[PDB]
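Reviewing the structure listed below.
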Amino acid sequence: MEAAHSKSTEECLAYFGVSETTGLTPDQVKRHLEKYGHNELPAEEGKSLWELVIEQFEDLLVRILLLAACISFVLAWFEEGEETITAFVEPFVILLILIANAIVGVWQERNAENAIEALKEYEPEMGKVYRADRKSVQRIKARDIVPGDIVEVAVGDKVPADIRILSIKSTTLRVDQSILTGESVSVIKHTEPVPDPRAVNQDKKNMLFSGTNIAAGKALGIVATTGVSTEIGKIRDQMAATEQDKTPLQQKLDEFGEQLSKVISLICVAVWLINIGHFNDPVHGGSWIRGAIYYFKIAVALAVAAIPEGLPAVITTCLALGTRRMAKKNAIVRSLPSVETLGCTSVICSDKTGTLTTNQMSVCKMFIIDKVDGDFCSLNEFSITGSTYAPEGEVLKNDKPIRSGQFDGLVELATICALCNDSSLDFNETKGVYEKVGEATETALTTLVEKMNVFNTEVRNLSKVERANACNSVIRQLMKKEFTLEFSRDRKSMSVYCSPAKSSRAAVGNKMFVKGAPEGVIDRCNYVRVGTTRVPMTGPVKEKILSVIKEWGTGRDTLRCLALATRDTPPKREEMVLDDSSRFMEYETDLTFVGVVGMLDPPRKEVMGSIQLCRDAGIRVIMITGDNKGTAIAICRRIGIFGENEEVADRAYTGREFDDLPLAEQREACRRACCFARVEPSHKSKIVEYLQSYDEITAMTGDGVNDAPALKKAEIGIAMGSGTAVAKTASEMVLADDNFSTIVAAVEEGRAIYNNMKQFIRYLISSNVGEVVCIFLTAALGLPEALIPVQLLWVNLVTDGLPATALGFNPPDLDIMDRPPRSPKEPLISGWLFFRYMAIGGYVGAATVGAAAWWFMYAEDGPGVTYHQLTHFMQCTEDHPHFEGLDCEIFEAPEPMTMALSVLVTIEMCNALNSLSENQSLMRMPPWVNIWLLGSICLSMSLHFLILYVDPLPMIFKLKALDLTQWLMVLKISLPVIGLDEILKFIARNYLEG
Ligand SMILES: Nc1ncnc2c1ncn2[C@@H]1O[C@H](COP(=O)(O)OP(=O)(O)O)[C@@H](O)[C@H]1O
Ligand SMILES: CC(=O)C1=C(O)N2[C@H](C1=O)[C@H]1c3c[nH]c4cccc(c34)C[C@H]1C2(C)C
Ligand SMILES: [Mg+2]
């Protein structure tokens with residue numbers, strides 16, 4: 001049953017053909033349960049760390065390194081015999097690494113709880129129904145409740161499904177819809193039909209939402225809807241249908257994988273296009289099976305040479321070192337990768353209260369009527385001092401303390417403020433400061449009537465706790481509060497019925513004390529109180545009163561105002577239908593305006609500047625809020641969302657305004673919009689959506705399951721420390737302190753973490769372009785492979801591994817925040833940056849081939865046969881060009897391999913320095929700025945040395961320590977790269993700029 005709130009109580013029974021007294025027949029419970037299904041949310045879709053690992057191996061590159069592991073096996077030999085112990089490492093090291101890389105994409109790549117799974121913690125187990133096949137209140141599994149059947153809720157219950165209230169058995173009924181909203185204060189319910197078919201949840205005051213708690217009272221009602229069809233069930237369903245996109249990194253990293261997988265099997269057919277000459281060899285001679293086996297050593301070599309295998313380990317380290325770093329600045333980031341996407345944040349929508357402002361509301365201007373004669377309408381207006389809830393501060397007229405109670409009207413102003421108030425102060429003994437109890441707005445009122453002190457109650461001889469609510473009390477002695485008519489968005493006010501108590505003066509009857517939004521309250525006064533007299537409300541009087549409320553609210557004070565009026569002669573106690581919330585506004589009529597108080601909710605000292613920081617960072621801030629559009633805008637100026645004078649006509653919208661536009665101009669309104677006043681949570685989704693239709697990366701605050709759907713949709717959902725459970729689960733980032741500037745900080749950190757990533761990502765790659773171009777020479781010119789698998793793995797995992805990581809501690813630009821947000825269409829390698837890493841890659845693919853074969857050519861202690869056609873023969877089936885002598889097998893010597901390896905490692909340690917900045921010379925950007933890059937190189941070399949003289953290692957790497965003459969040739973052929981680099985830096989600096 002869909003629009004239940006809008007049907008009469010009988011209409012709802014007539015709809016399910018059920019008797020409020022008896023309940024659902026055990027037949028109906030059958031047919032129904034068939035029509036509607038069970039009162040549960042669909043079961044989890046499932047996961048598992050075994051199919052999670054299997055999912056990682058389906059990737060293209062991890063398909064290749066696993067193919068190279070297959071070939072690494074079909075290269076050696078068959079099944080068991082005896083021992084040449086040393087051998088099978090090359091296929092076992094990769095298979096080790098892959099498992100230790102799949103694993104790293106999981107148990108520190110958190111992929112676990114979702115805000116959708118959280119929504120199975122506010123669906124209850126047990127509910128209480130009245131079916132026909134008993135007579136007592138049979139408690140059943142919530143899961144088995146179903147539309148139509150009668151239900152019983154009492155204080156402390158979790159509401160089991162969405163329920164149209166039938167009758168309230170207790171005095172009143174108070175529900176706690178925190179989960180949806182977040183606003184501790186419970187709400188009153190009634191049974192009248194809310195007759196508008198499309199009423200928001202805030203206004204469905206005869207309904208209980210599944211997941212809510214009864215906070216007082218006890219009622220019986222009929223289930224309107226269950227399962228996915230309840231209000232919380234529908235929020236579940238929106239988050240279900242959300243397509244969750246990958247980050248701008250994992251997206252362009254994935255098309256790097258595809259580009260790398262395409263290049264490998266393009267070189268593995270390009271090497272073939274150069275060995276096509278083998279078709280001209282004799283049918284007899286050389287090794288058939290052997291022919292096949294060769295091409296498979298270079299394939300495997302080409303596999304490992306273009307990977308960068310460390311990458312994963314490095315990234316993960318870098319991100320996990322970012323999380324710990326943002327947590328210090330109060331940003332809890334939950335999703336790992338979120339830290340990179342945090343860096344392209346284009347737009348930030350923040351809630352006002354609590355994030356932009358401190359929710360420390362206090363009154364600080366107020367006025368009453370002074371005198372009224374024809375047109376002259378003079379006001380009598382004061383100011384209050386004190387930002388806190390503490391009863392410390394003073395009232396001043398004409399900028400100078402006055403004793404509040406000498407003004408008759410100020411008495412009334414305080415009387416209403418105290419009696420028409422549902423909140424209160426408390427002194428906290430621990431912190432040593434006052435506490436609000438209830439609404440912030442109301443508690444501010446309670447603090448006022450304290451500062452005011454209209455009766456001159458002795459207050460300085462009281463104690464911190466006793467005095468908090470002192471004068472309020474005195475006033476609660478004066479009038480007795482019978483009943484009270486709660487607030488409703490609908491009439492925008494609230495009022496309490498009061499009768500006098502002891503030997504007072506009031507008499508002849510009692511009064512209603514109304515307190516609500518202006519116009520609302522003012523449009524309902526026929527009389528104005530001037531002093532203790534009263535006179536009829538006139539145009540000129542009204543126009544004053546409004547002119548000032550407008551000035552205060554829309555001024556540079558940005559005050560929120562309340563009108564305070566009284567019904568001097570109220571309806572008879574037995575004339576008002578107190579269950580009929582719809583009729584509350586008529587009882588609040590024919591009021592007498594008493595006066596207006598205006599309060600403030602100060603913007604965080606921090607935010608002002610933070611906002612500016614985003615201006616310069618090129619990122620847009622949108623402030624969502626609940627103030628009226630006028631004051632909404634005025635707060636925007638004050639925090640500098642807008643300039644103090646500038647146009648804003650089509651830049652701020654309200655809830656209703658925004659709804660009145662057809663989609664095209666809603667979509668439009670979103671790229672220029674900065675401020676939304678009085679919005680539905682419904683809109684937060686629509687706004688995120690629209691912002692994305694503009695490829696904006698959107699940070700979005702919100703709390704309560706109401707805002708869960710948009711914290712999901714937003715690239716960066718942001719919950720609050722103080723927030724609800726579910727909201728947090730829906731976000732990717734949580735402000736431990738709720739501060740808006742905590743967002744801004746985190747976006748800058750994320751800006752820096754991505755910048756440093758762009759670096760070491762290109763560094764680790766820079767090697768792989770070299771390592772290949774090396775093995776392309778050692779194959780294209782037919783020498784002996786200067787580098788093999790088990791060497792390269794060490795370089796990519798460990799040799800470059802420590803320096804790449806240490807490049808994640810680089811000192812961030814001093815204009816890191818003074819440049820526009822980086823696009824999500826930026827490629828990590830492009831323009832002059834491609835030809836700079838095809839040079840450095842084309843230089844390493846030469847220097848590792850030069851100095852190694854140089855041991856086969858120009859060496860002293862090595863067989864130095866210059867131009868000995870190493871290209872012609874590595875078969876030695878002939879042994880004709882080498883007449884006398886008996887030794888071929890020196891082509892598998894450890895020393896030449898050790899020449900290439902020492903060239904690489906050292907160039908890498910050079911190129912690591914070349915990364916510390918993109919276009920600053922090592923002259924301008926000193927190598928000793930990153931103390932952790934120097935520290936890493938240090939540890940990198942002392943590993944190149946370790947694997948050379950601790951004998952097990954150099955035997956396994958197939959190496960042997962080079963002589964001191966074989967150490968200088970390295971530095972002769974290695975260092976020159978820092979020189980090729982600098983030339984490129986000062987060029988892109990000085991002829992590729994403009
Ligand atoms: N859509 C609306 N229509 C009318 N008034 C509203 C609406 N949204 C909120 N308000 C009022 O605005 C007041 C201030 O909202 P605010 O403190 O911004 O809310 P929030 O917790 O969303 O920040 C709320 O107390 C509520 O009384
Ligand atoms: C077993 C496992 O899950 C993984 C891995 O073990 N790896 C990565 C990978 O995801 C591989 C990969 C996929 N896409 C890219 C882009 C850039 C770099 C890499 C990759 C490294 C790859 C490898 C094999 C190290
Ligand atoms: Mg809020």
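Labeling convention for the structure tokens: chains A, B, ... as they appear, residues from 1 per chain, ligands from 1 in order of appearance.
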All residues having an atom within 6 Å of ligand 1 (only C-alpha atoms and all ligand atoms) as a list in words =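 If we count only C-alpha atoms and all ligand atoms, the neighbours of ligand 1 turn out to be residues 351, 352, 353, 489, 625, 626, 627, 678, 679 and 680 of chain A.
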Please provide as a PyMOL selection string all residues within 8 Å of region 775-777 of chain A, with the sequence filter that same-chain residues fewer than 3 positions apart are discarded (counting only C-alpha atoms).
-> chain A and resi 271+298+301-302+305+771-772+780-783+785-787+845-846+849
Compute the set of protein, DNA and RNA residues whose minimum atom distance to ligand 3 is at most 10 Å, using only C-alpha atoms and all ligand atoms, and state it as a PyMOL selection string.
-> chain A and resi 181-183+350-355+359+624-626+701-704+723
Mind pulling up the distance from CA of residue 239 (chain A) to CA of residue 156 (chain A)?
-> 28.7 Å
So, counting only C-alpha atoms, which residue among A:636, A:528, A:146, A:710 is closest to residue 26 (chain A)?
-> A:146
Pull the strand (DSSP E) assignments for region 536-612 of chain A out of DSSP run on the backbone, and list those residues as a list in words.
->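 Restricting region 536-612 of chain A to strand (DSSP E) produces residues 536, 560, 561, 562, 563, 564, 565, 566, 567, 591, 592, 593, 594, 595, 596, 597, 598, 599 and 600 of chain A.
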Would you please extract all alpha helix (DSSP H) residues from region 590-755 of chain A, as assigned by DSSP on the backbone, and give them as a PyMOL selection string?
-> chain A and resi 607-616+629-638+655-659+663-672+681-692+708-713+725-730+740-755
Hey, which of A:807, A:60, A:673, A:207 ends up closest to ligand 2? Count only C-alpha atoms and all ligand atoms.
-> A:60
Rank A:862, A:518, A:393, A:91 by their smallest atom-to-atom distance to residue 300 (chain A), using only C-alpha atoms, and report the top residue only.
->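 Of A:862, A:518, A:393, A:91, the one nearest residue 300 (chain A) is A:91, counting only C-alpha atoms.
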Any idea what's packed within 8 Å of residue 258 (chain A), counting only C-alpha atoms, ignoring anything in its chain fewer than 3 positions away? Could you give it as a PyMOL selection string?
-> chain A and resi 60-61+254-255+261-262
Can you write out the residues you just picked, keeping N, CA and C atoms, as a compact mmCIF listing (two decimals), in the first residue's frame?
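Listed below is the output, part03.txt:
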# COMPACT_ATOMS: atom_id res chain seq x y z
N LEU A 60 45.43 -9.05 -17.88
CA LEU A 60 46.28 -9.30 -19.06
C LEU A 60 47.76 -9.54 -18.72
N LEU A 61 48.36 -8.61 -17.98
CA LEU A 61 49.76 -8.72 -17.60
C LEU A 61 50.04 -9.90 -16.69
N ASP A 254 44.94 0.71 -16.14
CA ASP A 254 44.42 -0.48 -16.79
C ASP A 254 44.65 -0.43 -18.28
N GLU A 255 44.58 0.76 -18.86
CA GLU A 255 44.90 0.89 -20.28
C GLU A 255 46.41 1.00 -20.51
N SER A 261 50.73 -5.24 -22.81
CA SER A 261 50.46 -6.60 -23.28
C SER A 261 50.44 -6.66 -24.80
N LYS A 262 50.14 -5.53 -25.42
CA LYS A 262 50.12 -5.42 -26.87
C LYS A 262 51.53 -5.23 -27.42
Once you count only C-alpha atoms and all ligand atoms, which residues end up within 7 Å of ligand 2, and could you hand them over as a PyMOL selection string?
-> chain A and resi 56-57+59-62+65+97-102+105+253-254+256-257+307-312
Distance in Å - CA of residue 162 (chain A) versus CA of residue 658 (chain A) |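 A separation of 29.1 Å between them.
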Mind checking which residues fall within 12 Å of residue 28 (chain A), counting only C-alpha atoms, ignoring those fewer than 3 positions away in the same chain, and posting them as a PDB file with N, CA and C atoms, in the first residue's frame?
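Saved to part_16.pdb:
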ATOM      1  N   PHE A  16      -6.883  -3.545   3.162  1.00  0.00           N
ATOM      2  CA  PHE A  16      -6.401  -4.897   3.385  1.00  0.00           C
ATOM      3  C   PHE A  16      -7.538  -5.826   3.851  1.00  0.00           C
ATOM      4  N   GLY A  17      -8.745  -5.276   3.977  1.00  0.00           N
ATOM      5  CA  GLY A  17      -9.862  -6.043   4.505  1.00  0.00           C
ATOM      6  C   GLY A  17      -9.444  -6.713   5.791  1.00  0.00           C
ATOM      7  N   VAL A  18      -9.117  -5.899   6.780  1.00  0.00           N
ATOM      8  CA  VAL A  18      -8.658  -6.418   8.051  1.00  0.00           C
ATOM      9  C   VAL A  18      -9.335  -5.669   9.188  1.00  0.00           C
ATOM     10  N   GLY A  23      -7.438  -8.744  13.380  1.00  0.00           N
ATOM     11  CA  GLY A  23      -6.172  -8.825  12.670  1.00  0.00           C
ATOM     12  C   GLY A  23      -6.265  -9.722  11.454  1.00  0.00           C
ATOM     13  N   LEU A  24      -5.115 -10.023  10.855  1.00  0.00           N
ATOM     14  CA  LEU A  24      -5.055 -10.830   9.638  1.00  0.00           C
ATOM     15  C   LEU A  24      -5.381 -12.301   9.907  1.00  0.00           C
ATOM     16  N   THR A  25      -6.275 -12.854   9.097  1.00  0.00           N
ATOM     17  CA  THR A  25      -6.564 -14.284   9.163  1.00  0.00           C
ATOM     18  C   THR A  25      -5.318 -15.024   8.683  1.00  0.00           C
ATOM     19  N   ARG A  31      -1.640 -15.722   1.398  1.00  0.00           N
ATOM     20  CA  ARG A  31      -1.773 -15.141   0.069  1.00  0.00           C
ATOM     21  C   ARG A  31      -0.869 -13.942   0.043  1.00  0.00           C
ATOM     22  N   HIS A  32      -0.899 -13.209   1.129  1.00  0.00           N
ATOM     23  CA  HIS A  32      -0.091 -12.024   1.108  1.00  0.00           C
ATOM     24  C   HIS A  32       1.324 -12.469   0.912  1.00  0.00           C
ATOM     25  N   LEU A  33       1.944 -12.924   1.984  1.00  0.00           N
ATOM     26  CA  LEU A  33       3.326 -13.330   1.872  1.00  0.00           C
ATOM     27  C   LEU A  33       3.706 -13.781   0.453  1.00  0.00           C
ATOM     28  N   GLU A  34       2.741 -14.271  -0.327  1.00  0.00           N
ATOM     29  CA  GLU A  34       2.993 -14.587  -1.753  1.00  0.00           C
ATOM     30  C   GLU A  34       3.036 -13.346  -2.649  1.00  0.00           C
ATOM     31  N   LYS A  35       2.100 -12.420  -2.427  1.00  0.00           N
ATOM     32  CA  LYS A  35       2.016 -11.172  -3.191  1.00  0.00           C
ATOM     33  C   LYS A  35       3.202 -10.276  -2.906  1.00  0.00           C
ATOM     34  N   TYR A  36       3.607 -10.192  -1.640  1.00  0.00           N
ATOM     35  CA  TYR A  36       4.595  -9.194  -1.257  1.00  0.00           C
ATOM     36  C   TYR A  36       5.963  -9.752  -0.898  1.00  0.00           C
ATOM     37  N   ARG A 131      -2.676 -11.447  15.007  1.00  0.00           N
ATOM     38  CA  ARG A 131      -3.411 -12.205  14.016  1.00  0.00           C
ATOM     39  C   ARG A 131      -4.656 -12.856  14.620  1.00  0.00           C
ATOM     40  N   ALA A 132      -5.512 -13.378  13.744  1.00  0.00           N
ATOM     41  CA  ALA A 132      -6.832 -13.910  14.118  1.00  0.00           C
ATOM     42  C   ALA A 132      -6.776 -15.232  14.909  1.00  0.00           C
ATOM     43  N   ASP A 133      -5.736 -16.017  14.639  1.00  0.00           N
ATOM     44  CA  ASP A 133      -5.550 -17.352  15.206  1.00  0.00           C
ATOM     45  C   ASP A 133      -4.963 -17.316  16.629  1.00  0.00           C
ATOM     46  N   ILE A 145       6.615 -10.655   8.962  1.00  0.00           N
ATOM     47  CA  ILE A 145       5.552  -9.677   8.947  1.00  0.00           C
ATOM     48  C   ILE A 145       5.210  -9.325   7.504  1.00  0.00           C
ATOM     49  N   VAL A 146       4.002  -8.847   7.267  1.00  0.00           N
ATOM     50  CA  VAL A 146       3.624  -8.605   5.902  1.00  0.00           C
ATOM     51  C   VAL A 146       2.522  -7.593   5.767  1.00  0.00           C
ATOM     52  N   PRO A 147       2.450  -6.981   4.596  1.00  0.00           N
ATOM     53  CA  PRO A 147       1.615  -5.814   4.473  1.00  0.00           C
ATOM     54  C   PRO A 147       0.191  -6.124   4.911  1.00  0.00           C
ATOM     55  N   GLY A 148      -0.338  -5.337   5.828  1.00  0.00           N
ATOM     56  CA  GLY A 148      -1.722  -5.485   6.186  1.00  0.00           C
ATOM     57  C   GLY A 148      -1.866  -5.841   7.643  1.00  0.00           C
ATOM     58  N   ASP A 149      -0.945  -6.631   8.177  1.00  0.00           N
ATOM     59  CA  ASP A 149      -1.200  -7.126   9.521  1.00  0.00           C
ATOM     60  C   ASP A 149      -0.961  -6.080  10.612  1.00  0.00           C
TER      61      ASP A 149
END
Write out as a ChimeraX atom specification each polymer residue whose atoms come within 12 Å of residue 632 (chain A), counting only C-alpha atoms; drop sequence neighbours fewer than 5 positions from it.
-> /A:351-353,553-560,622-627,637-639,641-642,648,651-654,674-679
Let me see the file: selected residues, N, CA, C and O atoms, as a short mmCIF file (atom, residue, chain, number, x, y, z; two decimals), in the first residue's frame.
data_model
loop_
_atom_site.label_atom_id
_atom_site.label_comp_id
_atom_site.auth_asym_id
_atom_site.auth_seq_id
_atom_site.Cartn_x
_atom_site.Cartn_y
_atom_site.Cartn_z
N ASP A 351 27.69 20.53 4.04
CA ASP A 351 26.57 20.95 4.86
C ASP A 351 27.03 22.20 5.55
O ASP A 351 28.21 22.35 5.79
N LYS A 352 26.11 23.09 5.90
CA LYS A 352 26.52 24.27 6.67
C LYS A 352 26.74 23.99 8.15
O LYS A 352 27.88 23.87 8.61
N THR A 353 25.66 23.87 8.91
CA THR A 353 25.77 23.58 10.33
C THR A 353 26.78 22.48 10.59
O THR A 353 26.78 21.45 9.91
N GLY A 553 18.90 39.45 8.94
CA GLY A 553 19.05 38.08 8.48
C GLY A 553 19.95 38.06 7.27
O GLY A 553 20.76 37.16 7.08
N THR A 554 19.85 39.11 6.49
CA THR A 554 20.42 39.12 5.19
C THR A 554 21.62 40.06 5.24
O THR A 554 22.29 40.30 4.25
N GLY A 555 21.93 40.54 6.44
CA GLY A 555 22.97 41.53 6.66
C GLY A 555 24.32 40.87 6.71
O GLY A 555 24.50 39.79 6.18
N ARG A 556 25.31 41.56 7.28
CA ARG A 556 26.61 40.93 7.43
C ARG A 556 26.67 40.25 8.79
O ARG A 556 27.70 39.72 9.21
N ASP A 557 25.51 40.20 9.44
CA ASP A 557 25.38 39.53 10.72
C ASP A 557 24.91 38.11 10.48
O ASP A 557 25.15 37.21 11.29
N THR A 558 24.16 37.96 9.39
CA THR A 558 23.65 36.65 8.95
C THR A 558 22.90 35.93 10.07
O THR A 558 23.19 34.78 10.36
N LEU A 559 21.93 36.62 10.67
CA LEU A 559 21.26 36.15 11.88
C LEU A 559 20.05 35.32 11.51
O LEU A 559 19.45 35.53 10.47
N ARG A 560 19.69 34.35 12.33
CA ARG A 560 18.44 33.65 12.06
C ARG A 560 17.43 34.11 13.11
O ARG A 560 17.78 34.11 14.30
N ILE A 622 30.35 24.14 -2.92
CA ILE A 622 28.91 24.35 -2.83
C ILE A 622 28.46 24.13 -1.39
O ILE A 622 28.82 23.14 -0.78
N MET A 623 27.66 25.05 -0.87
CA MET A 623 27.22 24.98 0.52
C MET A 623 25.74 24.64 0.51
O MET A 623 24.93 25.42 -0.01
N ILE A 624 25.40 23.46 0.99
CA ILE A 624 24.00 23.08 1.14
C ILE A 624 23.54 23.53 2.51
O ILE A 624 24.34 23.59 3.42
N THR A 625 22.27 23.89 2.66
CA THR A 625 21.85 24.48 3.93
C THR A 625 20.35 24.52 4.17
O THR A 625 19.55 24.00 3.40
N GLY A 626 19.96 25.14 5.26
CA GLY A 626 18.59 25.01 5.67
C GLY A 626 18.08 26.36 5.99
O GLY A 626 16.89 26.54 6.19
N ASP A 627 18.99 27.32 6.01
CA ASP A 627 18.64 28.73 6.08
C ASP A 627 17.75 29.11 4.90
O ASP A 627 17.69 28.45 3.88
N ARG A 637 28.61 34.84 1.55
CA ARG A 637 29.54 35.97 1.47
C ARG A 637 30.52 35.97 2.63
O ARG A 637 31.74 36.09 2.47
N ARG A 638 29.94 35.86 3.82
CA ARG A 638 30.69 35.93 5.03
C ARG A 638 31.80 34.88 5.08
O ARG A 638 32.87 35.14 5.60
N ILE A 639 31.58 33.70 4.52
CA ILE A 639 32.67 32.72 4.44
C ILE A 639 33.41 32.81 3.10
O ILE A 639 34.32 32.03 2.81
N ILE A 641 32.32 32.39 -0.08
CA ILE A 641 31.88 31.65 -1.25
C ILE A 641 31.61 32.64 -2.38
O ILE A 641 31.95 32.38 -3.53
N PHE A 642 31.00 33.78 -2.05
CA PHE A 642 30.85 34.89 -2.98
C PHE A 642 31.61 36.09 -2.45
O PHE A 642 31.79 36.25 -1.24
N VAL A 648 24.81 36.86 -8.08
CA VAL A 648 24.61 35.54 -7.51
C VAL A 648 23.23 35.07 -7.94
O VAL A 648 22.74 34.04 -7.45
N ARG A 651 22.88 31.55 -9.06
CA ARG A 651 24.00 30.83 -8.49
C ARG A 651 23.61 30.19 -7.19
O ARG A 651 24.28 29.27 -6.73
N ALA A 652 22.57 30.72 -6.57
CA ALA A 652 21.98 30.09 -5.41
C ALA A 652 20.54 29.72 -5.71
O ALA A 652 19.82 30.51 -6.34
N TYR A 653 20.15 28.52 -5.29
CA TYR A 653 18.80 28.02 -5.49
C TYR A 653 18.19 27.50 -4.20
O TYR A 653 18.90 27.15 -3.26
N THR A 654 16.87 27.38 -4.17
CA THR A 654 16.26 26.70 -3.06
C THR A 654 15.69 25.40 -3.52
O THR A 654 15.48 25.18 -4.69
N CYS A 674 26.34 27.37 -6.31
CA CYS A 674 27.26 27.42 -5.19
C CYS A 674 26.62 27.24 -3.87
O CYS A 674 27.30 27.13 -2.85
N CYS A 675 25.30 27.28 -3.87
CA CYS A 675 24.57 27.44 -2.65
C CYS A 675 23.16 26.90 -2.82
O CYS A 675 22.44 27.33 -3.72
N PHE A 676 22.79 25.93 -2.00
CA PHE A 676 21.42 25.47 -2.00
C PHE A 676 20.78 25.63 -0.65
O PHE A 676 21.29 25.14 0.36
N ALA A 677 19.62 26.28 -0.63
CA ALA A 677 18.95 26.53 0.62
C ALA A 677 17.77 25.59 0.65
O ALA A 677 17.08 25.45 -0.34
N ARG A 678 17.52 24.99 1.80
CA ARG A 678 16.25 24.33 2.07
C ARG A 678 16.04 23.30 1.01
O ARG A 678 15.29 23.49 0.08
N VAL A 679 16.73 22.20 1.16
CA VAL A 679 16.76 21.23 0.09
C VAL A 679 16.23 19.92 0.65
O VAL A 679 16.07 19.78 1.87
#
Skip residue 945 (chain A) itself and residues of its chain fewer than 4 positions away, then list as a PyMOL selection string all residues within 12 Å of it, counting only C-alpha atoms.
-> chain A and resi 799+898+901-902+905-906+938-941+949-951+953-954+959-962+967
For the selection you just gave me, I'd like the residues written to a file as a short mmCIF file (atom, residue, chain, number, x, y, z; two decimals), in the first residue's frame, keeping N, CA, C and O atoms.
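And here is the file that came out, part.cif:
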data_model
loop_
_atom_site.label_atom_id
_atom_site.label_comp_id
_atom_site.auth_asym_id
_atom_site.auth_seq_id
_atom_site.Cartn_x
_atom_site.Cartn_y
_atom_site.Cartn_z
N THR A 799 66.02 -3.54 -6.17
CA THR A 799 66.98 -2.51 -6.58
C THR A 799 66.33 -1.16 -6.84
O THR A 799 66.84 -0.12 -6.40
N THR A 898 77.66 -9.62 -15.07
CA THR A 898 77.87 -8.75 -13.92
C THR A 898 78.23 -7.33 -14.35
O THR A 898 78.15 -6.39 -13.56
N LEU A 901 74.52 -5.82 -15.26
CA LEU A 901 73.79 -5.67 -14.00
C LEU A 901 74.29 -4.48 -13.18
O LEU A 901 73.50 -3.75 -12.59
N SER A 902 75.60 -4.31 -13.11
CA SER A 902 76.18 -3.20 -12.37
C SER A 902 75.95 -1.87 -13.09
O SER A 902 75.97 -0.81 -12.46
N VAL A 905 71.78 -1.18 -12.27
CA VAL A 905 71.65 -0.76 -10.88
C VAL A 905 72.17 0.65 -10.65
O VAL A 905 71.51 1.46 -10.02
N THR A 906 73.35 0.96 -11.18
CA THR A 906 73.92 2.28 -10.96
C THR A 906 73.18 3.39 -11.72
O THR A 906 72.93 4.45 -11.16
N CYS A 938 71.66 4.23 -0.86
CA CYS A 938 72.59 3.62 0.08
C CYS A 938 72.27 2.16 0.34
O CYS A 938 73.16 1.31 0.30
N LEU A 939 71.01 1.87 0.64
CA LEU A 939 70.61 0.51 0.98
C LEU A 939 70.47 -0.34 -0.27
O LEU A 939 70.48 -1.57 -0.20
N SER A 940 70.33 0.32 -1.41
CA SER A 940 70.19 -0.37 -2.69
C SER A 940 71.51 -0.94 -3.16
O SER A 940 71.57 -2.05 -3.68
N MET A 941 72.58 -0.16 -2.99
CA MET A 941 73.90 -0.61 -3.40
C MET A 941 74.43 -1.67 -2.46
O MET A 941 74.97 -2.68 -2.91
N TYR A 949 79.14 -11.18 -2.72
CA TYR A 949 80.19 -11.76 -1.90
C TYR A 949 79.70 -12.70 -0.81
O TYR A 949 80.49 -13.43 -0.21
N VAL A 950 78.40 -12.71 -0.55
CA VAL A 950 77.84 -13.81 0.22
C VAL A 950 77.57 -14.97 -0.73
O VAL A 950 76.58 -14.96 -1.46
N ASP A 951 78.46 -15.95 -0.73
CA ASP A 951 78.60 -16.87 -1.86
C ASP A 951 77.33 -17.57 -2.39
O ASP A 951 77.19 -17.74 -3.60
N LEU A 953 74.52 -16.45 -2.89
CA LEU A 953 73.76 -15.52 -3.73
C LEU A 953 74.33 -15.33 -5.14
O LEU A 953 73.61 -15.54 -6.13
N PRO A 954 75.60 -14.90 -5.25
CA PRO A 954 76.22 -14.70 -6.56
C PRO A 954 76.26 -15.97 -7.40
O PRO A 954 76.36 -15.90 -8.63
N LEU A 959 76.46 -14.71 -10.96
CA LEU A 959 77.30 -13.51 -10.99
C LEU A 959 78.62 -13.73 -10.25
O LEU A 959 78.77 -14.69 -9.51
N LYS A 960 79.53 -12.77 -10.39
CA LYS A 960 80.69 -12.71 -9.52
C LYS A 960 81.31 -11.31 -9.44
O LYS A 960 81.51 -10.65 -10.46
N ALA A 961 81.63 -10.89 -8.22
CA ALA A 961 82.01 -9.51 -7.94
C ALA A 961 83.05 -8.98 -8.91
O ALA A 961 84.03 -9.64 -9.21
N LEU A 962 82.82 -7.76 -9.39
CA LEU A 962 83.70 -7.14 -10.38
C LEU A 962 84.94 -6.55 -9.74
O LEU A 962 84.92 -6.16 -8.57
N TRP A 967 84.75 -1.62 -11.99
CA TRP A 967 83.83 -0.75 -11.26
C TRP A 967 83.85 0.69 -11.76
O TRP A 967 82.91 1.44 -11.55
#
Pick out the residues sitting within 10 Å of residue 605 (chain A), and hand them over as a list in words; count only C-alpha atoms, and ignore anything fewer than 5 positions along from it in its own chain.
->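 Contacts, in chain order: residues 356, 357, 358, 610, 639 and 741 of chain A.
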